[PDB]
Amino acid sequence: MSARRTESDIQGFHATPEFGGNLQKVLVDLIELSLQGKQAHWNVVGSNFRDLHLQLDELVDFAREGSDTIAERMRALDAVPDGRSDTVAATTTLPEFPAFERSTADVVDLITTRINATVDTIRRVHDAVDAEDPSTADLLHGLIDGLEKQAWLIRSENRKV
């Protein structure tokens, strides 16, 4: 037992209220993005429908995994997520997705904007998150990388050169 600790209880790392709040901000924007992504997935019409239909689902898959990652990281650090519809609608920074069928050109521009809004949230909280817990900032890096890749893959459709 030469180096063994003898404390009966050893407590885990507990996130500050500010840290919890910062992850909550990321969470709602990821959930909103998933919901808007599905809306776009269903209602997109026009030239190159299939590629967009498929790409939007890939985006939704990533945003959903992202939200679960963030929420569970909150839980791990003794913080409590709120991903309920009312909370997401009331607190998301994303511009609202319009109703009805939308052209592929419109959807490309709309979804690129909404991805960028989500990335912006993660980028805004990054430094405060990194200062408290570098391991969580790494999860944010995964999100930034994965989402900015989605934005490039989607926006490239509308690019005229």
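In case it trips you up, residue 1 is the first one in the sequence shown, and so on.
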(request) Return whichever of 143-151 and 12-20 has the greater mean Cα B factor according to the PDB record. (result) 12-20
(request) Would you tell me which stretch averages the higher CA B-factor in the PDB entry, 33-41 or 97-105? (result) 97-105
(request) Would you mind checking which of 131, 27, 54, 117 has the top Cα temperature factor in the PDB entry? (result) 131
(message) Among the modelled residues of this chain, does the Cα B factor of residue 80 put it in the lowest, middle or highest third?
(response) highest
(request) Rank-wise, by C-alpha B-factor, drop residue 123 into the lowest, middle or highest third of its chain. (result) middle
